[PDB]
């Protein structure tokens, strides 16, 4: 008999605080109310760079409340953007958790990102080409390295039981929460800050993904552009975000008087070995990530009330994920695709969506998937649409997938 959360072979792990910054709001509770009210964070892009380059994509969700409005003079000169976002969210989360005094030697941080401080690579490159090697900042390395945001949070909050950065492109944010769960259940930590951060919409990221022919170009109706699972979808839309949650053993939470929002029960990680940038059509390995999360949780597929889909609104992505949900035996779950409203934040998105999964369990409600108007027969899923779907949801799986063939599924439960 394998250990599971249900059989007590793993310790119970609970989510005790959440924080996120999104295109709708810097306040996760206001993001959540806005989603439930059918709001979209997607807008016409007004940036100069759009007109400068005449970009084919002219839509996206910038953060409602820009990170750098909270940054001091020295932060702007000593950290890359994902580090600044990490420091902002790290401090917000800790305050939301009641600023607890925890044992630093039992406290881990696991934060994913898609790339790291890449703007400082191009900065350094230009500085050196113009003025030679002594023009490169002595801080360049530490601003650039992709583990930089996780390290800044570890330093800020004092985590001494490991600081890790898993990178798996668009599944990085969920993968980080999986590895944090593992670190606790293996006995390496009792409490962990985890999730994901990502850079803002800029011209070069738009250019590179646009050349994969991946992106929606419904520029005339920005809030209608992102249409996961809909027959008429035409690709993904960027929406900025960063998100963190605090997880800890149930015993640890109870000893300090924390009130859990949900339980994090198990995590599955698999890979397709199919193609570098398309998911396997059959959804079999993706489905097996979901199944592995259920095995570690001790659940059956019939237990799962809700799936928070990766749902990017590409034609081949959504079709693969529908197959994966069928493989896992989860296709009678109520499905939400939050990128319909919040867009795609790449290395942060799995973390944001994990936070939304937690709030669905806490509050008994799934927001409507925006723009879901014409069901697609290849996609026979129960996609929540039109108005929120209320229920006493007991268990839910959050899915995230990434270029490279990475599949991550996280199983959460109502507390």
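Numbering follows the first chain given and starts at 1.
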Mean Cα B factor from the PDB record: higher for 204 to 212, or higher for 129 to 137? 129 to 137
Of the two stretches 297 to 305 and 235 to 243, which shows the higher Cα B-factor on average in the entry? 297 to 305
Per the coordinate record, which of the options 118, 269, 89, 180 holds the highest CA temperature factor? 118
Highest CA B factor of 198, 175, 95, 318, as deposited, is found at 95
Lowest, middle or highest third: which one holds residue 12 when the chain's residues are ordered by CA B-factor from the entry? highest
Among all modelled residues of this chain, ranked by Cα B factor, put residue 40 in the bottom, middle or top third, i.e. lowest, middle or highest. middle
Could you say whether, by C-alpha temperature factor, residue 338 belongs to the lowest, middle or highest third of its chain? lowest
Among all modelled residues of this chain, ranked by Cα B factor, put residue 386 in the bottom, middle or top third, i.e. lowest, middle or highest. highest
What third of the chain, by the recorded C-alpha B-factor, contains residue 161? middle
